[PDB]
Amino acid sequence: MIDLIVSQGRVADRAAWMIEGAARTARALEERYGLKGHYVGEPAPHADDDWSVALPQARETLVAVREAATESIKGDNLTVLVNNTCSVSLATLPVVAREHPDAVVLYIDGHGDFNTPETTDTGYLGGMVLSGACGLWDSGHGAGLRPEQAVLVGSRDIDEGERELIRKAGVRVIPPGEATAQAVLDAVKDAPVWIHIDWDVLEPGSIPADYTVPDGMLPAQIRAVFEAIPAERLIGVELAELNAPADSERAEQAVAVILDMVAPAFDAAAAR
Ligand SMILES: [Mg+2]
Ligand SMILES: [Mn+2]
Ligand SMILES: [Mn+2]
């Protein structure tokens, strides 16, 4: 079955509605699959603070997410985290790497999220997540993920400095036009799999786009990844960064697309 964990505490959020988007996503999953989420953290307003300030402010939420994710990863269920920001994964990815040293992390994101304190232009913690989990800088929440076990999927238009950090560390990049289900399967080989998704990977949703080549990933491409990873190899899934207000029609439509993308994996886990 499925363990649902939901972050509702601020972790460096610079957008207004990502805590609300996580709540609405969790509600849709609860209703579809008959679950009750474990909600962690207290909402706080978004701000443009430096990572050196936002990171300590988030410690209580990050520690609580780490503890809940550890219990779930140690048990027998599919671990599903619905997170306001990618930065929640500074707490979860070190657990995955410790418990499953052979796991491959598919980090599905329009960005590389691979800046360090030395290379960030904006100071935003959310742009430093994968590099922190891989130990290029010290988040205070551990590291241990081998860059050789991390695969960026859907990333594009990466700053040339950050792209070479990625290359030197050994992180593979599969851009949207290469991100077929088989390309992702070939990257994972026989490994167990952790899937992390930032919804900014998606092509902006003017779906009447039959005569133009998309720059982002299409929902069908994400669905095809969830269809291809064998249920017995899937460790867990993190869904992050839906920026949509509570009670908006926009959030209603967004979560319907999300449920369609994740259904192959979640349906299998609920039937395990
Ligand atoms: Mg499991
Ligand atoms: Mn991200
Ligand atoms: Mn992103």
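For the protein chain, the PDB entry supplies the name N(omega)-hydroxy-L-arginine amidinohydrolase and the organism Streptomyces lavendulae. What the UniProt record of the protein chain gives under Catalytic activity is the line "N(omega)-hydroxy-L-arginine + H2O = hydroxyurea + L-ornithine".

Draft legend 1. A look at the overall build of the protein chain. Looking only at helices and strands, one finds nine helices and eight strands in the protein chain. Relative to the globule expectation of 19 Å for 272 residues, the C-alpha radius of gyration of the protein chain, 17 Å, shows essentially globular dimensions. Based on the C-alpha atoms only, the size of the protein chain along its principal axes is roughly 45 × 40 × 35 Å. The 272 residues of the protein chain split such that 54% are buried. Contacts spanning at least 24 positions in sequence make up 75% of the contacts within the protein chain whose residues lie at least 6 apart. Surface accessibility of the protein chain: about 11700 Å² in total, with carbon and sulfur atoms responsible for 51%. The positive charge centre, built from 21 side chains, and the negative charge centre, built from 43, are 4 Å apart in the protein chain.

Draft legend 2. Structural detail: the pattern of salt bridges. On inspection of all chains with the given rule, the structure shows seven salt bridges. We note a salt bridge from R27 to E252, for which the minimum N-O separation is 4.0 Å. Here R27 is found in helix 1 (residues 18-33), whereas its partner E252 is found in helix 9 (residues 249-270), with 225 residues between them in sequence. By relative accessible area, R27 is classed as partly exposed at 34%. Close ionic contact of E164 with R167 constitutes a salt bridge, the shortest N to O distance being 2.8 Å.

Draft legend 3. Representation of the pairing of strand 8 (residues 234-240) within the structure. Of all seven residues making up strand 8, seven are buried, and the element is well covered by its neighbours. Bridging between strand 3 (residues 78-83) and strand 8 involves five bridges; their strand directions are parallel. Looking at strand 8, one finds that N83 is bridged to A240. Taken together, the six bridges between strand 7 (residues 193-198) and strand 8 define a ladder with parallel strand orientation. Bridging across to strand 8, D198 finds its partner in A240.

Draft legend 4. Examining the sheet that holds strand 3 more closely. With respect to topology, eight strands assemble into an open sheet ordered 2-1-3-8-7-4-5-6, the strand pairing being parallel. Of all the strands in the sheet, the pair left with one neighbour each is strand 2 (38-40) and strand 6 (172-174). Each adjacent strand pair in this sheet contributes to an overall mean axis angle of 15°, direction not counted. Contacts from helix 8 (residues 219-228) reach strand 4 (104-108), strand 7 and strand 8, with the element oriented near 165° to strand 7.

Draft legend 5. Seen up close, the coordination of the manganese ion (ligand 3). Surrounding the manganese ion (ligand 3) are the protein donor atoms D109 (OD), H111 (ND1), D198 (OD), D200 (OD) and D200 (OD), which sit 2.1 to 2.4 Å from the metal. In the primary structure, the donors to the manganese ion (ligand 3) are separated according to the pattern D-x1-H-x86-D-x1-D. The distance between the manganese ion (ligand 3) and the manganese ion (ligand 2) comes to 3.4 Å, and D109 binds to both of them. Highlighted residues: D109 in the loop between strand 4 and helix 5 (129-133) and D200 in the loop between strand 7 and helix 8, separated in sequence by 91 residues. Given a relative accessible area of 29%, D200 falls into the partly exposed group.

Criteria and cut-off values
- Residues numbered from 1 in each chain as written, not as in the entry; some residues may be left out.
- Chains lettered and ligands numbered in written order.
- Heavy atoms only, no water.
- UniProt positions renumbered as here; feature names shortened; annotations may be inferred.
- Helix = DSSP H or I, 4+ residues; strand = E, 2+ residues; numbered from the N terminus.
- Rg over C-alpha atoms; globule rule 2.2 N^0.38 Å.
- Buried < 20%, exposed > 50% of the residue type's maximum accessible area, 1.4 Å probe, protein only.
- Contact = heavy atoms within 4.5 Å.
- Areas by Shrake-Rupley, 256 points an atom, 1.4 Å probe, with all protein chains shown as cover.
- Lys, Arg positive; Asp, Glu negative; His and termini not counted.
- Charge placed at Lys NZ, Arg CZ, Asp CG, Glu CD.
- Salt bridge = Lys/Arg side-chain N within 4 Å of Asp/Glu carboxyl O.
- Pairing = 2+ DSSP bridges.
- Axes fitted to C-alpha atoms, helices over the stretch in contact; angles between N-to-C directions.
- Donors = N, O, S within 2.8 Å, 3.2 Å for Na, K, Ca; no water.

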